[PDB]
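Worksheet: the structure to be examined is printed underneath.
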Amino acid sequence: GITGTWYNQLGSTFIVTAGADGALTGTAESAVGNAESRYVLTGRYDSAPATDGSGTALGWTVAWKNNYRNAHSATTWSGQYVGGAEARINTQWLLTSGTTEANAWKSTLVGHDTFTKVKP
Amino acid sequence: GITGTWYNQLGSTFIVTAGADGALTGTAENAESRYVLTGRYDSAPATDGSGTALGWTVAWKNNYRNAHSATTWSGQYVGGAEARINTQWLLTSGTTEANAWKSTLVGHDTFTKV
Amino acid sequence: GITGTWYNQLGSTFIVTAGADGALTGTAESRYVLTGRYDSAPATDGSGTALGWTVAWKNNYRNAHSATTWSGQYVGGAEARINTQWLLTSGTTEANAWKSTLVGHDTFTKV
Amino acid sequence: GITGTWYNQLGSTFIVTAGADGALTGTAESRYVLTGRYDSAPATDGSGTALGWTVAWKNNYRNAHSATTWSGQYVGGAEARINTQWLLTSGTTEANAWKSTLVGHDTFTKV
Ligand SMILES: N=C1N[C@H]2[C@H](CS[C@H]2CCCCC(=O)O)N1
């Protein structure tokens, strides 16, 4: 279900493997910002969701440092997986950059990403 | 300065180990209230007195309990004698499509070594 | 371009009046009053027009002890829309304040 | 209660008037107009009073092409406070929309 290759509305590709113990591992490649190539993704999911047709809660993080670039920032996505003919993951994200004390009021961006198993 | 025990303003206790290549692993917490954490951090931060960007996730499921939800914390570690982690968090619960609009809470937490 | 009737994704109807001094007044449809501000002198370079508004969910008939604020921008053009993120806060006791605030997003269109 | 002069943790000054059926009006300060709403009939059980307001960062001297909304609750008591979370959106292009909005939190007191 969650395991597979996902794309957000921006071209980004996230390759995610769901483990049997609630672990989420994989790789992100962003189509925007200060990023190049692949970045390590790690997260957790609810490995035994409700019966009742509710979604599957999950979250993951990417720190935007790899061997090519370092953006001194990290993003966390929080959302739910919803099965169906068109499986989708709906998330909200927080992106925090490292700042000095004086600039911390403006260190965090917030947005929403919708992931699909079909590239837009 | 990150590896160790951190406490938030709620009493809760977080034990985190920060690996050499940017992994964060540990637990949030008796057994029944203990949960797994996994995250990532900037292992090569700037020198300019900037904070170290990081983030982590906890799904609220263990062997004993399952709240069908996950929290992510996004934030930065600040050093010194008043070492702190300042974060904002998102908590999402699994919902039906009908109730998705109220699936996510937002808030902030501050973690201290004491 | 902002003044008029707007519809978000779950059919709610917002009637918005943009005043020349930057004020936004109108109603969200039971029916509640809205009030906000917008940039009454945006850039002409394709940038959007920044805005925000608030609805407290109390009227003559019902009270939910909560308020929502929408923060976003207007984008004009053939398919004008207002893209927003929102925060919904409910009155809670001090000990439930951690769970007093929801976050989401809303898109408004003219049809 | 809510009417008065409020200061946030960074020292900015908000002068707020609470109107009879839930209007918030006032200024933030370099001085800008604020507008919002609040629950004029809060719960008696000890809960806080839900509210929100907006400031568009345009006045007669400067315009940053951006707007902030605060969502939160007023807590009466020893330290009357207003605990909020805020969103600041800047007018951007289509291409830069994904990075248009910052989020944070603010505590206000009369001290
Ligand atoms: N796929 C996505 N890319 C952007 C959003 C949220 S994370 C962001 C990319 C940031 C890359 C590093 C940076 O620019 O600081 N979703």
Side-chain angles (χ1 to χ4, degrees), chain A residues 105, chain B residues 106, chain C residues 14 16-19 21-28 32-40 50-58 64-73 84-91 100-103, chain D residues 1-40 42 48-59 64 66-76 80-89 101-110:
Chain A
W105 62 276
Chain B
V106 66
Chain C
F14 286 70
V16 168
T17 288
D21 59 336
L24 243 40
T25 54
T27 197
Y32 302 85
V33 170
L34 85 74
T35 184
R37 307 289 296 163
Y38 74 108
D39 172 6
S40 39
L51 78 242
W53 66 75
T54 301
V55 174
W57 301 104
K58 151 151 169 76
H65 304 306
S66 68
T68 307
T69 58
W70 289 260
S71 162
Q73 49 194 135
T84 62
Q85 299 239 225
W86 47 264
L87 293 179
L88 175 34
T89 297
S90 293
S100 71
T101 302
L102 290 157
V103 57
Chain D
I2 293 161
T3 298
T5 297
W6 293 89
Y7 302 95
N8 73 350
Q9 77 264 28
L10 276 126
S12 351
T13 292
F14 292 60
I15 301 76
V16 178
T17 305
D21 207 59
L24 251 26
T25 55
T27 55
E29 75 232 63
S30 111
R31 160 133 69 272
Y32 300 86
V33 171
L34 79 63
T35 188
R37 315 277 299 156
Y38 74 104
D39 176 359
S40 41
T49 299
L51 44 72
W53 61 80
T54 303
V55 178
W57 298 109
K58 169 157 174 4
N59 68 14
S66 71
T68 296
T69 61
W70 290 259
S71 165
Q73 59 187 124
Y74 163 88
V75 178
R81 5 93 163 233
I82 302 162
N83 294 308
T84 68
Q85 319 221 236
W86 54 261
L87 298 168
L88 164 39
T89 295
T101 304
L102 294 161
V103 59
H105 51 100
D106 250 339
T107 304
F108 307 74
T109 57
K110 281 166 147 166

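We name chains A, B, ... by the order of the sequence lines, and we start the count at 1 in each one. Side-chain atoms are counted along with the backbone in the values below, which use heavy atoms only and exclude waters and symmetry mates.
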Worksheet item: Below 4.5 Å, heavy atoms only, C-beta onward: do D/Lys110 and D/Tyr7 meet side chain to side chain?
Response: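 No, too far: nothing below the 4.5 Å cut-off.
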[atom1]-[atom2] distance between [X] and [Y], expressed to the nearest 0.5 angstrom:
X: D/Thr107; Y: D/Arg81; atom1: OG1; atom2: CZ; result: 8.5 Å
X: C/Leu102; Y: D/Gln85; atom1: CG; atom2: CD; result: 10.5 Å
X: C/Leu51; Y: C/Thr84; atom1: CG; atom2: OG1; result: 8.5 Å
X: D/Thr69; Y: C/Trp86; atom1: OG1; atom2: CH2; result: 12.5 Å
X: D/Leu88; Y: D/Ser66; atom1: CG; atom2: OG; result: 5.5 Å

Do we see a donor-acceptor contact under 3.5 Å between the side chains of [X] and [Y]?
X: D/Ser40; Y: D/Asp21; value: yes
X: D/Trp53; Y: C/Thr54; value: no
X: D/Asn83; Y: D/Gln73; value: no

Worksheet item: Taking the side chain from D/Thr68 and the backbone from D/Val55, do they hold a donor-acceptor pair closer than 3.5 Å?
Response: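 Judged by distance alone, no pair lies under 3.5 Å.
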Which atom pair, heavy atoms only, marks the closest approach of [X] to [Y]?
X: D/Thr49; Y: D/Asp39; result: CG2-O, 3.3 Å
X: D/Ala50; Y: C/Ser90; result: CB-C, 4.4 Å
X: C/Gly19; Y: C/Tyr38; result: O-OH, 2.7 Å
X: D/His105; Y: D/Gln9; result: O-NE2, 3.3 Å
X: D/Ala67; Y: D/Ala56; result: CB-CA, 3.9 Å
X: C/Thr89; Y: D/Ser71; result: OG1-OG, 2.5 Å

Worksheet item: Which is it for D/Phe14 and D/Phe108 under the ring pair (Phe, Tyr, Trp, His ring centres under 6.0 Å) test, yes or no, and what are the steps along the way?
Response: CA-CA 9 Å; D/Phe14 292 60; D/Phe108 307 74; 5.0 Å; yes
Which side-chain N or O atoms in residues 22-34 of chain D pair as donor and acceptor under 3.5 Å with protein atoms at least two apart or in another chain?
unit_1, atom_1, unit_2, atom_2, d
D/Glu29, OE2, D/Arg31, NH1, 2.5

Practice prompt. With side-chain contact (heavy atoms from CB on, under 4.5 Å) as the test, would you mind laying out the steps for D/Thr13 and D/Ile15 before giving the verdict?
Written response: CA-CA 7 Å; D/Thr13 292; D/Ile15 301 76; 3.5 Å; yes
Item to complete: Determine, stepwise, if the pair D/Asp106 / A/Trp105 fulfils side-chain contact (heavy atoms from CB on, under 4.5 Å).
Response: CA-CA 9 Å; D/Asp106 250 339; A/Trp105 62 276; over 6 Å; no
Discussion item. Could you work out, with side-chain hydrogen bond (donor to acceptor under 3.5 Å, both in side chains) as the rule, every residue matching D/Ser12, not counting sequence neighbours?
Written reply: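 Partners of D/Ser12 under the side-chain hydrogen bond (donor to acceptor under 3.5 Å, both in side chains) test: D/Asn8.
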